[PDB]
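[1] The data below comprise the sequence and an experimental structure of the protein.
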Amino acid sequence: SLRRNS
Amino acid sequence: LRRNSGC
Amino acid sequence: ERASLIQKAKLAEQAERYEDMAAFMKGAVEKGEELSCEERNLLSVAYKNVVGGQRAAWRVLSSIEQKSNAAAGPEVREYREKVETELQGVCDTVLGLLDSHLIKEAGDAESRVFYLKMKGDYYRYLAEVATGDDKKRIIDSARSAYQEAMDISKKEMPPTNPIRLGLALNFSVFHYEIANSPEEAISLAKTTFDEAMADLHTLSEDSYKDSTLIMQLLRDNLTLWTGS
Amino acid sequence: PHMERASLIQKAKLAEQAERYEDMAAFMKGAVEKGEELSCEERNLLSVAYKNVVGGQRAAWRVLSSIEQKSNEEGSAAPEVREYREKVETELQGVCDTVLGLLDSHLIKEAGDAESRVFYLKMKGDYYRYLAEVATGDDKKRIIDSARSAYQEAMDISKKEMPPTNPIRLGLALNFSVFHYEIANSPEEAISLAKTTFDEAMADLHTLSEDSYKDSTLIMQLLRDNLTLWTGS
């Protein structure tokens, strides 16, 4: 669980 | 490969 | 002139001076000519890096600010407000560039989707920091751009198009983060991935590389959001 | 509002966390301008802030100047490189001039303690050395000398008042040896300074505490890395 990709 | 100086 | 501004933006990129690069790209846009695919990416990279750093900083400060109680003075709020205003100003600039010059009646669906994705994106950045009643309208301004871009990408582009893929990725992120619609987000990401998977066989070496890149970002997001 | 000293230092610490070194330097400049002496912690905030600011500018300037060298060699193709390298140069020069301004107006105090005087004088040498990296004119000689003087004045203090294991003494000698090698074009003087500095600190490592050892051996490794590079061990 790490920062969402964009 | 570059010379070291102040941190 | 324009040539020189593009030359200087490429030079600023090489020197990792994205603040300068964005400035040159803004000046190049302001010349009124259509940006070439290469030239669009220069503009996008420049501002992406600029806002990237601002957003990163703002997240750091806001986290410090929210983890109040373990100390928090007026400096955290005040300085987070400084960075916020600064970040908001950049978005406002990009969006200005987009309405004033880049988003045009009809071009190619690729440029067309790119600039509306871009519009959605920068409104989403504004939403990330938005706190007032403006939150509603900003969120909507981003929904509209992303949806207008969606409409173009779904008509004019195949589901394997990296621009279509990238847009859907960011719009799903918008549905999850900003809109607080995880169901809508998961579905968009799922559909997007599943549809591009069903057409991967057709793609060439160059095409495949760009498409599967974004497909992995979609898959990584789906894994994170669904808990699997 | 909240632009009182403590708040400026608080905001400089916050800007550091947020990796906003342009902002951090601004807060530190404003904190210096309040007229109070900087604590060791405060000194480092100022140094880190400007080191990062100039760091990025120098990095950029080196990128542009190398491209410019390629553009002007014998048998290459057909101003933007020069113009933009000049923009970055002027910008970089402005920052050094700011740091040096602060050092001469507020930080360099005859009255200050040895460790702090050394710190600032090493700083005066670094920022003049940075100006000398981009200096091409007749000003190059004056700049080179202004850096030599500051490092030498700092050397004299560090050699009297400090042990050879002092990280501030070590750091200074490292930079001064870099000045000799790069700027002064005295590799023999540079190699010797770095060798002597390392060897003398090595002869005293046994005395140092847990915390002292970590900071000292860090700089000694930088000296060793430089010596390896310069001599070809």
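    Sure, I can see it. Residues are numbered from 1 along each chain as shown, chains lettered A, B, ... in the order given.

[2] CA atoms only for the helix or strand hosting residue C:223, dumped as CSV, please.
    Assessed by DSSP states H and E, residue C:223 sits inside helix C:205-226. Taking Å, rounded to 0.1, in the frame of the first residue of the first chain, the C-alpha atoms of helix C:205-226 are listed here in CSV:
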residue,chain,number,x,y,z
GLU,C,205,7.0,-2.8,-30.8
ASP,C,206,6.8,0.9,-30.2
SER,C,207,3.0,1.0,-29.6
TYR,C,208,3.0,-2.0,-27.1
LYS,C,209,5.8,-0.4,-24.9
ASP,C,210,3.8,2.9,-24.3
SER,C,211,0.5,1.1,-23.8
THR,C,212,1.5,-1.7,-21.4
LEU,C,213,3.3,1.0,-19.3
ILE,C,214,0.0,2.7,-18.5
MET,C,215,-1.7,-0.7,-18.3
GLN,C,216,0.7,-1.5,-15.5
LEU,C,217,-0.2,1.8,-13.7
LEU,C,218,-3.9,0.9,-14.0
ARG,C,219,-3.2,-2.6,-12.7
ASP,C,220,-1.1,-1.3,-9.8
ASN,C,221,-3.9,1.2,-8.9
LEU,C,222,-6.5,-1.6,-9.1
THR,C,223,-4.4,-3.8,-6.8
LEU,C,224,-4.1,-0.9,-4.3
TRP,C,225,-7.8,0.1,-4.4
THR,C,226,-9.3,-3.4,-4.3
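
[3] In chain C, where's the longest helix?
    Scanning chain C for the longest helix, with DSSP state H as the assignment, gives helix C:37-66.

[4] excluding its backbone neighbours, what's nearest residue C:199?
    residue C:160 (4.8 Å; C-beta to C-beta, 6 or more residues apart in numbering or on different chains). (C-beta placed from N, C-alpha, C; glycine too.)

[5] follow-up on the earlier one: compute the inter-axis angle for the longest helix of chain C and helix D:5-17.
    Interaxial angle, helix C:37-66 versus helix D:5-17 (axes from the mean of the first three to the mean of the last three C-alpha atoms, to 10 degrees): 130 degrees.

[6] if we can go back for a sec, can you list the buried residues in the helix holding residue C:223?
    The neighbour-count check on helix C:205-226 (16 or more other C-beta atoms under 10 Å in any protein chain shown) flags C:210-212, C:214-215, C:217-219, C:221-222, C:224-225 as buried.

[7] Give me the contacts around that helix.
    When contacts are defined by C-beta atoms under 8 Å, 6 or more residues apart in numbering or on different chains, helix C:205-226 is touched by residues A:1-2, A:4-6, C:160-162, C:165-166, C:168-169, C:172-173, C:176, C:182, C:185-186, C:189-190, C:192-193, C:196-197, C:200, C:203.

[8] likewise stretch C:192-203?
    C:158-160, C:165, C:168-169, C:172, C:208, C:211-212, C:215, C:218-219, C:222.

[9] distance between that stretch and the chain's centre?
    23 Å (C-alpha atoms, centre = their mean, to the nearest Å).

[10] do the same with stretch C:19-29
    With C-alpha atoms, centre = their mean as the basis, stretch C:19-29 stands 17 Å off its chain's centre.

[11] mind checking which helix or strand the most centrally placed residue in chain C is in?
    Centre of chain C computed as the mean C-alpha position; nearest residue by C-alpha atoms, centre = their mean is residue C:121, 3.5 Å away. Using DSSP H and E, residue C:121 falls within helix C:109-129.

[12] And the helix or strand that that helix is followed by, what's buried?
    Next helix or strand after helix C:109-129 toward the C-terminus (DSSP H and E): helix C:134-156. Residues of helix C:134-156 classed as buried: C:138-139, C:141-143, C:145-146, C:148-150, C:152-153 (neighbour count, 16+ other C-beta under 10 Å).

[13] what do you get for stretch C:72-91?
    Quick answer for stretch C:72-91 (16+ other C-beta under 10 Å): C:75-80, C:82-84, C:86-88, C:90-91.

[14] Pick out the most distant pair among these.
    Largest separation among the buried residues of stretch C:72-91 by C-beta to C-beta: C:75 and C:91, giving 24.3 Å.

[15] Is whichever residue of chain C sits closest to chain B in a helix, a strand, or coil?
    Going by C-beta to the nearest C-beta, chain B is nearest to residue C:16 of chain C, at 15.5 Å. Using DSSP: H, G, I helix; E, B strand; the rest coil, the structure places residue C:16 in coil.
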